[PDB]
Amino acid sequence: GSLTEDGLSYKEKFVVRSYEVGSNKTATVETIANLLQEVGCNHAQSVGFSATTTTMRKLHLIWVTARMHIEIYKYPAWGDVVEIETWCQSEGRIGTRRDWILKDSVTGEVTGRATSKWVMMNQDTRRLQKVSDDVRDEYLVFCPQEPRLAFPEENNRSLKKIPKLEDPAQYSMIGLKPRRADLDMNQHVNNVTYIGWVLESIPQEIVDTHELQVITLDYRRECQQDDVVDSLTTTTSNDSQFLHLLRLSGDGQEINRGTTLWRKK
Amino acid sequence: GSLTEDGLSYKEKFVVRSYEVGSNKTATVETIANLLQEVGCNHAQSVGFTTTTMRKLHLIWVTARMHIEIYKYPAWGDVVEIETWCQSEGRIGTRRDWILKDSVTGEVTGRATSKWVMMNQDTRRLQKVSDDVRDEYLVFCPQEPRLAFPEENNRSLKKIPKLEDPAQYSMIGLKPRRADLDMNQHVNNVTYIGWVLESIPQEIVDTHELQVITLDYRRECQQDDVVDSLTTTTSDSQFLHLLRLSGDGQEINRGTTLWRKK
Ligand SMILES: CCC(=O)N1CCC[C@@H](NS(C)(=O)=O)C1
Ligand SMILES: CCC(=O)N1CCC[C@@H](NS(C)(=O)=O)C1
């Protein structure tokens, strides 16, 4: 991979691997979400980040995900090359936004697209805070000045409010605990694992007869290595829509809430 | 990746990814085990293969044993070149070996070996392969032996005992998710390595590096099954492992790990 000519976005090509595909012999949405994380990490590395600045490291501040939104038109098959282009943009003092465009390396067509909202937070106290001016100036030079949105549409599904699932849930998957493969280099549960846990309560029949088109997922609380998650799903509907809820199997503390959209194969 | 000049082995280079490394910023043993599966898949695809003729008789190649020895784990961003090849183990089964190297220095940073047996996909009955099938794949194997672990009296061929109750350490209630399944909906052989290492104490992981792992495969775990992971120290640090069904206690896996101080 490498930064584009203007140095305001990053491109990388990925060959789809054998262990990365599902029952349809195409890449899973978790493989796609992993590739977005990977291309986003290399974009930060290419412009000197580790994605903390010198002021963020000084004040013990980190970037955390608040929302993830992914919309797939075609899942790359095993062996196919997929080119992902990523870039960042400031959302004022709310935080940053990172967008992605997935393309076919042979045809050049857009086969998917993603967007995510990141927030500023003290790494120790877990207290969210607004982006200060001194931090904002350190990264604004790596972002396009004119808006560049992957989801620009007047009424897009990436900005809608997600409601809280009411008990009893139509479907559920109970007793989900993360393993060392679910943790990252800093021992925190990878954001991709939550997508896998959300989709564990989707019935097998829906998976076997439908393809996942959209997934919007709001991140409320981080799950610890020693925590246990409960995954809840309810149908809210040609197409199939679902409401999702991840919560601690004990107290019932909410960690995630989301929505999925599926279409007939 | 591509087949070597003689077409009797396959080479492929992999760049280590951000989500593939552990706490020490080097690739995990499960990432390594995934890369071996990937390079082995592409070697079969490069010579047209899953296998041939045995498709009508309903026969599949299944793992009986996996043995991996790592000297250095590639860091995040480092390129690692893996060379794989197959060989006939008479009529007991087939064997696949791997050599992991540093793309910059060219030194061997790890090596693996595995024994594959052949069974009916439906009845799951282990059986030796016919001479008609033991000829269709020999043209893709070196005729003279080429072993990754040649040493007389080595770790890859030793008998693994069964762990006695009570186990020193355990991790219970381990269920596979859709990410743990492959294209055919079976739990991929790499997940068992992750489950085996779940009963290793966190202190051992934080203060040691995994040097060797020998794992014998006895029974496949279904999507709706629950696994119990058991571990006992048998001593560097050596361990005895046992995966079994949460209910009846049916053995699915048994193994041994060896760890060195960082
Ligand atoms: C290429 C890296 C970059 O421009 N940035 C911009 C500011 C946020 C960081 N990115 S993030 C955590 O994905 O929002 C670093
Ligand atoms: C390049 C492919 C190849 O040589 N073979 C030989 C027979 C066993 C198969 N390999 S396997 C399943 O990994 O044991 C396919």
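By the numbers in Swiss-Prot, the shown part of chain B spans 75-123, 130-315, 333-359.
Just so it is clear, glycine is given a Cβ too, placed from its N, Cα and C backbone atoms.
Counting every protein chain shown, 11 other Cβ atoms lie within 10 Å of the Cβ of B:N264 (active site). Under DSSP, B:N264 (active site) is assigned to coil, being neither helix nor strand in the three-state scheme. What Swiss-Prot records for B:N264 (among others) is active site.
Residue density at B:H266 (active site): 15 other Cβ atoms are found within 10 A of its Cβ, drawing on all protein chains shown. The active site feature in Swiss-Prot is assigned to B:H266 (among others).
Residues or ranges marked as active site in Swiss-Prot: B:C301 (among others). In sequence order, B:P256, B:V267, B:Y272, B:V307, B:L340, B:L342, B:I349 constitute the residues six or more apart from B:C301 (active site) in its chain with CB-CB distances below 8 Å.
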Find the Cα-to-Cα distance between B:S315 and B:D333 in angstrom, rounding to a whole number; note that the 17 residues connecting them are absent from the deposited model. 8
Across 6 unbuilt residues, the C-alpha atoms of B:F123 and B:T130 lie a whole number of Å apart, namely 6
